[PDB]
Structure formats: structure tokens, C-alpha cells
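> My questions all concern the structure below.
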Amino acid sequence: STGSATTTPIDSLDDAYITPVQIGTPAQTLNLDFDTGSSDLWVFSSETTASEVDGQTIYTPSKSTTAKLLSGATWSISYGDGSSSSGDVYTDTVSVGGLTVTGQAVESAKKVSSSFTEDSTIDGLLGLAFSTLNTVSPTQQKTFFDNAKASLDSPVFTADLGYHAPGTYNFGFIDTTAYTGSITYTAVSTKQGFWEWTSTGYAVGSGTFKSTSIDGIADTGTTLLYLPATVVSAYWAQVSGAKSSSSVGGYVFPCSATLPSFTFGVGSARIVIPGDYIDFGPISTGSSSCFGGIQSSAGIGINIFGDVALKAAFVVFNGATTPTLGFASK
Ligand SMILES: Cc1cc(CN)n(C)n1
């Protein structure tokens with residue numbers, strides 16, 4: 001089998017991407033944030049505290065003939081930005097872009113934190129990290145990918161995120177028309193449950209490439225590119241007026257600037273992030289201070305190749321017995 005689904009930015013800044021997912025019988029279509037940095041498929045639901053739902057589409061398990069309560073199972077997750085959600089668990093049929101999994105754990109939110117409530121465009125998350133991170137208790141559950149993979153033509157999925165435009169998640173095949181040149185594969189560590197890999201270095205704009213190992217995760221569920229403070233300082237030093245603002249919470253730069261590109265290494269290959277990808281617009285409406293798309297990971301504990309980096313590439317998440325990541329230009 002295979003699946004193919006379009007993923008769409010939720011706003012003009014590509015703050016996140018939503019992908020339609022069919023849940024239940026008859027189908028209930030929810031727009032989920034495919035997140036290669038977490039491993040829970042959870043949804044706004046008929047069980048979500050009413051005051052915490054504001055415009056989201058909800059899953060109603062009582063209306064699905066294939067929904068079964070997973071007796072005794074609960075879940076609770078906290079994310080890197082301090083947001084969170086928790087609830088109970090059903091199994092049900094879940095389909096993504098024509099690819100169907102039966103008995104998928106669908107984690108029904110009873111509570112969500114304010115940032116989820118405040119985002120009317122995201123109906124839940126679909127985790128695509130390794131199932132060892134899944135938070136369901138007392139019986140940990142598998143991701144959609146983990147459940148689908150035996151059935152897939154090839155045990156892979158690919159992320160092809162657009163810049164200010166729709167893109168594609170494919171399951172089970174590599175679309176050789178979707179990238180240029182060749183795909184460079186690189187080793188993955190699953191020890192932390194992430195698609196963790198080691199970049200071979202970076203360049204700023206037309207600058208010389210710095211060979212240096214940067215260990216980080218490929219995370220479609222994180223908006224920005226978070227890298228060591230040395231790297232991030234070298235980038236923003238090339239932007240007149242750029243500075244790190246403690247009050248804003250990161251690097252800001254004059255909205256009048258033209259940003260340099262940022263290159264990262266994948267083995268001997270190079271992925272170039274155009275400067276425009278690094279502009280996340282005014283810090284507040286009407287401000288001429290703009291928020292940077294490359295930020296320090298110093299306060300995080302891990303480097304994160306988020307959407308800013310991934311959207312510059314065609315990315316293969318290879319879930320073979322020894323997982324690897326592939327990157328191609330596009
Ligand atoms: C919308 C969204 C996605 C995620 C997962 N990194 N969070 C914390 N919020």
C-alpha cells in the first residue's frame with residue numbers, strides 16, 4: 001500500500017502545517033499537525049472541555065461504528081513550548097491520503113492547553129517519531145506509521161513541506177519527481193525516540209562552509225530552526241541591526257532587511273535555506289522588528305531541524321530495521 005496527502009500551512013508565516021486525516025466510520029475528517037518530533041495521535045473531541053474548544057473540528061467517537069474505548073488507557077503529553085494535552089483513548093480506523101490503518105490508537109483530548117485552544121486551525125497532532133515516545137498508559141501505543149509500515153510498499157514516509165504553499169506527505173514510496181539531484185542518506189539514532197541525526201556543518205549566505213558536527217532532530221512539528229548559539233550568532237551577525245531580544249524571546253531583525261541564506265550539511269551534500277524562509281514577520285502587528293527563523297537551541301537541550309530547515313528539502317524518513325534519514329534539494 002501507499003498513501004499521499006497534501007499538507008497546507010495554517011497561516012501566512014508557515015507557523016505549522018495541517019494535513020487532512022479520516023478517522024472513524026463514517027469518516028470524520030480532522031486537520032492534524034503531522035509531527036515527526038512526537039509519537040501521539042491525539043485529537044480535539046466530543047470529550048474536550050467545552051471552554052477549551054474554539055473553532056476546532058472535533059472527533060466524536062460515539063458517532064463512529066468502528067470506535068472502541070481502549071479500556072483504562074490514558075495519555076498526557078507536554079511539548080517543548082510548554083503546551084500540553086491529555087485524555088483517554090479509542091482505537092478506530094484512521095486513513096491518510098488513501099492509506100488505511102485499522103485499530104489505530106486515537107487519543108481523545110479531555111484537556112488541552114491555551115495555545116491549542118487558541119489555534120482554531122489545528123484539530124490535533126499525528127505523531128511520526130518513534131513509538132517509544134508514545135505517552136499512552138498503561139499500555140504504550142504505536143504511531144500511525146508504525147502500524148502502517150508492514151503494509152507499505154516500502155517502510156518509509158516523506159515530508160515535502162512548501163514555503164508559503166502546500167506540500168505533501170507520502171507514505172510507502174519515494175516520489176522521484178518531487179526532488180532534484182539525488183537523495184543523501186544519513187545515520188539516525190533512535191535512542192531518544194527522535195529522528196536524530198548529525199549535520200556535517202553550515203554556511204551563512206555566500207560564506208565558506210564550516211565543517212562541524214551538529215546533532216539534532218528532524219522535527220516537522222517545530223516551526224523554526226534551533227541551532228547552537230555559536231552558529232546562530234554567526235548567522236545573525238550578517239544581518240544589520242539583528243539582535244537577540246530577551247523580551248521578545250529570540251533574535252529579531254529589522255523588517256527592512258534582506259536575509260542571507262543558510263546552508264546545512266547532510267553528509268557531503270548541502271541543503272540551502274533561502275533567506276526569505278528565515279523571515280517570520282513583525283514581532284507584533286505593525287512592528288518593524290521581525291522575528292528570526294533561526295534561533296538558539298541553548299535553552300532547549302537539543303538542536304531542532306524544524307520546518308524552516310525541512311521545507312528547503314525533500315526529506316525521507318526511512319523506517320527500515322535500521323532507520324535513516326534522506327535529504328534532497330528540490
Ligand atoms: C502546534 C504544535 C505542534 C507542537 C509539537 N511540537 N506543539 C507544541 N504545538
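Letters A, B, ... mark the chains of the C-alpha cells in the order given; residue numbers begin at 1 per chain; ligand numbers begin at 1, in order shown.
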Find the residues around residue 23 (chain A) up to 8 Å (only C-alpha atoms counted), leave out those fewer than 2 positions away in its own chain, and share them as a list in words.

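Residues near the query, excluding close chain neighbours: residues 21, 25, 27, 28, 29, 30, 59, 92, 93, 94 and 95 of chain A.
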
> Kindly provide, as a VMD selection string, all nucleotide and amino acid residues lying within 12 Å of ligand 1, counting only C-alpha atoms and all ligand atoms.

chain A and resid 9 to 11 14 to 18 31 to 43 77 to 85 112 to 129 217 to 224 304 to 307

> Please run DSSP on the backbone and report, as a list in words, all residues within region 108-325 of chain A that come out as helix (DSSP H, G or I).

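The helix (DSSP H, G or I) residues within region 108-325 of chain A come out as residues 114, 115, 116, 117, 131, 132, 133, 144, 145, 146, 147, 148, 229, 230, 231, 232, 233, 234, 235, 236, 275, 276, 277, 278, 307, 308, 309 and 310 of chain A.
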
> Quick one: distance from CA of residue 67 (chain A) to CA of residue 146 (chain A) in Å, one decimal?

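Between these atoms lies a distance of 19.6 Å.
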
> Please list as a PDB file with N, CA, C and O atoms, in the first residue's frame every residue within 7 Å of region 314-319 of chain A, counting only C-alpha atoms and excluding residues in the same chain fewer than 2 positions away.


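This is the output file part-v8.pdb:
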```pdb
ATOM      1  N   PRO A 155       9.094   0.798   3.637  1.00  0.00           N
ATOM      2  CA  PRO A 155       8.813   1.244   5.004  1.00  0.00           C
ATOM      3  C   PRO A 155       9.321   2.674   5.259  1.00  0.00           C
ATOM      4  O   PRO A 155      10.187   2.893   6.086  1.00  0.00           O
ATOM      5  N   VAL A 156       8.729   3.624   4.545  1.00  0.00           N
ATOM      6  CA  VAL A 156       9.192   5.000   4.544  1.00  0.00           C
ATOM      7  C   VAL A 156       8.014   5.947   4.525  1.00  0.00           C
ATOM      8  O   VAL A 156       6.915   5.599   4.069  1.00  0.00           O
ATOM      9  N   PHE A 157       8.234   7.164   5.012  1.00  0.00           N
ATOM     10  CA  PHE A 157       7.342   8.240   4.627  1.00  0.00           C
ATOM     11  C   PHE A 157       8.220   9.437   4.269  1.00  0.00           C
ATOM     12  O   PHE A 157       9.400   9.473   4.627  1.00  0.00           O
ATOM     13  N   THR A 158       7.663  10.399   3.533  1.00  0.00           N
ATOM     14  CA  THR A 158       8.463  11.535   3.104  1.00  0.00           C
ATOM     15  C   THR A 158       7.710  12.808   3.425  1.00  0.00           C
ATOM     16  O   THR A 158       6.480  12.842   3.371  1.00  0.00           O
ATOM     17  N   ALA A 159       8.469  13.843   3.769  1.00  0.00           N
ATOM     18  CA  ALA A 159       7.924  15.156   4.066  1.00  0.00           C
ATOM     19  C   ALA A 159       8.423  16.102   3.018  1.00  0.00           C
ATOM     20  O   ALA A 159       9.630  16.271   2.833  1.00  0.00           O
ATOM     21  N   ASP A 160       7.493  16.757   2.344  1.00  0.00           N
ATOM     22  CA  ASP A 160       7.833  17.720   1.309  1.00  0.00           C
ATOM     23  C   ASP A 160       7.058  18.982   1.619  1.00  0.00           C
ATOM     24  O   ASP A 160       6.009  19.246   1.021  1.00  0.00           O
ATOM     25  N   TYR A 179      11.922  15.876  -6.259  1.00  0.00           N
ATOM     26  CA  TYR A 179      13.178  16.469  -5.813  1.00  0.00           C
ATOM     27  C   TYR A 179      14.150  16.531  -6.966  1.00  0.00           C
ATOM     28  O   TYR A 179      13.954  15.877  -7.999  1.00  0.00           O
ATOM     29  N   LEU A 310      13.468  21.927   7.145  1.00  0.00           N
ATOM     30  CA  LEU A 310      12.901  20.818   6.387  1.00  0.00           C
ATOM     31  C   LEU A 310      12.186  21.248   5.115  1.00  0.00           C
ATOM     32  O   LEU A 310      12.221  20.518   4.135  1.00  0.00           O
ATOM     33  N   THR A 321      14.676  -1.490   9.241  1.00  0.00           N
ATOM     34  CA  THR A 321      15.076  -2.047  10.527  1.00  0.00           C
ATOM     35  C   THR A 321      16.120  -1.174  11.214  1.00  0.00           C
ATOM     36  O   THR A 321      16.053  -0.969  12.428  1.00  0.00           O
ATOM     37  N   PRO A 323      16.786   2.580  10.979  1.00  0.00           N
ATOM     38  CA  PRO A 323      16.261   3.793  10.331  1.00  0.00           C
ATOM     39  C   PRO A 323      17.352   4.733   9.844  1.00  0.00           C
ATOM     40  O   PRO A 323      18.449   4.796  10.424  1.00  0.00           O
ATOM     41  N   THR A 324      17.042   5.466   8.777  1.00  0.00           N
ATOM     42  CA  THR A 324      17.929   6.531   8.309  1.00  0.00           C
ATOM     43  C   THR A 324      17.069   7.675   7.848  1.00  0.00           C
ATOM     44  O   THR A 324      15.853   7.546   7.723  1.00  0.00           O
ATOM     45  N   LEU A 325      17.705   8.821   7.639  1.00  0.00           N
ATOM     46  CA  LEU A 325      17.050   9.991   7.057  1.00  0.00           C
ATOM     47  C   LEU A 325      17.675  10.256   5.709  1.00  0.00           C
ATOM     48  O   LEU A 325      18.885  10.099   5.547  1.00  0.00           O
ATOM     49  N   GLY A 326      16.861  10.698   4.755  1.00  0.00           N
ATOM     50  CA  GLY A 326      17.367  11.156   3.468  1.00  0.00           C
ATOM     51  C   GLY A 326      16.980  12.604   3.199  1.00  0.00           C
ATOM     52  O   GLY A 326      15.887  13.013   3.542  1.00  0.00           O
ATOM     53  N   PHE A 327      17.886  13.383   2.614  1.00  0.00           N
ATOM     54  CA  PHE A 327      17.605  14.754   2.211  1.00  0.00           C
ATOM     55  C   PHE A 327      17.979  14.949   0.757  1.00  0.00           C
ATOM     56  O   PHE A 327      19.077  14.557   0.338  1.00  0.00           O
ATOM     57  N   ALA A 328      17.093  15.608   0.014  1.00  0.00           N
ATOM     58  CA  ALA A 328      17.391  16.044  -1.360  1.00  0.00           C
ATOM     59  C   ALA A 328      17.001  17.501  -1.471  1.00  0.00           C
ATOM     60  O   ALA A 328      16.075  17.970  -0.792  1.00  0.00           O
ATOM     61  N   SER A 329      17.687  18.223  -2.341  1.00  0.00           N
ATOM     62  CA  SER A 329      17.214  19.545  -2.761  1.00  0.00           C
ATOM     63  C   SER A 329      15.977  19.387  -3.623  1.00  0.00           C
ATOM     64  O   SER A 329      15.708  18.304  -4.120  1.00  0.00           O
ATOM     65  N   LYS A 330      15.242  20.473  -3.838  1.00  0.00           N
ATOM     66  CA  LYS A 330      14.029  20.386  -4.625  1.00  0.00           C
ATOM     67  C   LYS A 330      13.682  21.716  -5.273  1.00  0.00           C
ATOM     68  O   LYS A 330      14.429  22.681  -5.135  1.00  0.00           O
TER      69      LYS A 330
END
```

> Which residue gives the smallest distance to residue 265 (chain A) among A:283, A:308, A:214, A:278, with only C-alpha atoms counted?

A:214

> So what do you get for CA of residue 111 (chain A) versus CA of residue 300 (chain A), distance-wise?

24.9 Å

> Pick out the residues sitting within 7 Å of residue 273 (chain A), and hand them over as a short mmCIF file (atom, residue, chain, number, x, y, z; two decimals) with C-alpha atoms, in the first residue's frame; count only C-alpha atoms, and ignore anything fewer than 6 positions along from it in its own chain.


```
data_model
loop_
_atom_site.label_atom_id
_atom_site.label_comp_id
_atom_site.auth_asym_id
_atom_site.auth_seq_id
_atom_site.Cartn_x
_atom_site.Cartn_y
_atom_site.Cartn_z
CA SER A 261 20.58 32.12 3.08
CA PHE A 262 21.61 29.37 5.48
CA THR A 263 23.16 26.14 4.27
CA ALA A 309 15.08 23.69 7.51
CA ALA A 312 14.02 23.55 1.96
#
```

> May I ask which of the residues A:232, A:109, A:242, A:237 is the closest one to residue 52 (chain A), counting only C-alpha atoms?

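Distance minimum relative to residue 52 (chain A) lands on A:109.
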
> Restricting the calculation to only C-alpha atoms, which member of A:162, A:293, A:281, A:274 is positioned closest to residue 206 (chain A)?

A:274

> Per DSSP on the backbone, filter region 71-191 of chain A down to the residues in strand (DSSP E) and report them as a count of residues only.

53

> In Å, how far is it from CA of residue 188 (chain A) to CA of residue 313 (chain A)?

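Value for the CA of residue 188 (chain A)-CA of residue 313 (chain A) distance: 17.2 Å.
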
> Give the answer as one residue: which of A:174, A:320, A:227, A:302 has the shortest atom-to-atom distance to residue 150 (chain A), using only C-alpha atoms?

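Result for the nearest residue to residue 150 (chain A): A:320.
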